[PDB]
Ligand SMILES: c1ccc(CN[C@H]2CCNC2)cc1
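Only one chain is given next, in structure tokens, and it is the form deposited without this ligand.
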């Protein structure tokens, strides 16, 4: 049986509104309803991995697992295996996989983050799962962020707290947060960003939705506008939204949006919004293609509709050579030429780099760079041709060209990372100097840039 070079991944997010689900939820897993939907001819074809995020979930883990497994068995006639389940309050993530993948999946991690302080601590936060699928690391985050149209800044803060503090993936990647630890990272949930239009415009918004005219509404979606202004989810992608707002519905129908202020809402309006979202971030030049992104129309127990998204995701095999693992492959090397970091910091410490990659036996520390002043105020840290030659464990180009180098620039004085980024080894040529570039972030915000040239030697 050959190892796959592609898998498909289902992501679901549903705020269940503290109500049990209806007896049939198969449309969710089939990607059927509104938006970018899945072809009927694929209904019996199982996804490799199903990742289900719920919010306001009233069920026990056992109760929900039985519903999910019985749902997938009905669709596909396959009995899925439970990879992981993790719950914080009423926020839950379930990962299921086809039984043939059980020996391909390892290094399973779970964690949660509670957001807020005192008043704001007790129900919002995130759960997450990570694991390796053969040579590929996969991370999944289900977050329920702060509610209310006038709290977008709080949601942005909740995002930064979650990506700083959620402890998933390889703990050896100490300078790196979850936004750099995985080949593919999926972040989904009731992110709670709203359509920012005047309250008086509620009925106009409803009209637009009935006409399936979403453009003037999406142009006021807080998640899209905050992303465009680089306030949140920097370097994440989202598929185009072509489904109606998924919040806030009257229960037991989808004919009516319930937007008016009520004691039960704390006297807040809930204008129709795309609260329920799926975003992703994959390492550079890895295959990832969204093949569905939509909402169900027939699951009406909650004031939200379920959202689905599916993806093709490139994966690599667990490579063994006669040499690595457990030695280098002298036929392989990675050289950096003419490299410099441009940093937004006002500090005047010396900086060094760390290179981290699962193609190395361990991470590599550089010498200190040479600081200069950029023309527009900036710190430029020059490394020249001083950077250590990296010795990969395997030189075979079918392995090495699929790898990535994580880079951290660290203060000599504090050993704290000032910026993190990632370079693909999927080059146009080997034994050839080629430009490389990554933005650098810290706590998920832009802190600078790293650029230069690479020269990659493989056994071919």
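Residue numbers count along the first chain shown, from 1.
What comes next is about the form solved in complex with this ligand, which is not displayed.
- Heavy atoms of residue 151 never reach within 4.5 Å of this ligand in the deposited complex, leaving it off the interface.
- Taking non-hydrogen atoms only, residue 103 approaches this ligand to within 4.5 angstroms in the deposited complex.
- Put simply, residue 252 is far from this ligand in the deposited complex: not one heavy atom of it is within 4.5 Å.
- Of the heavy atoms in residue 81, some are within 4.5 Å of this ligand in the deposited complex.
- Partner contacts here mean any heavy atom within 4.5 Å of this ligand in the deposited complex, and among 261-269, 199-207, 142-150, 81-89 they occur only in 81-89.
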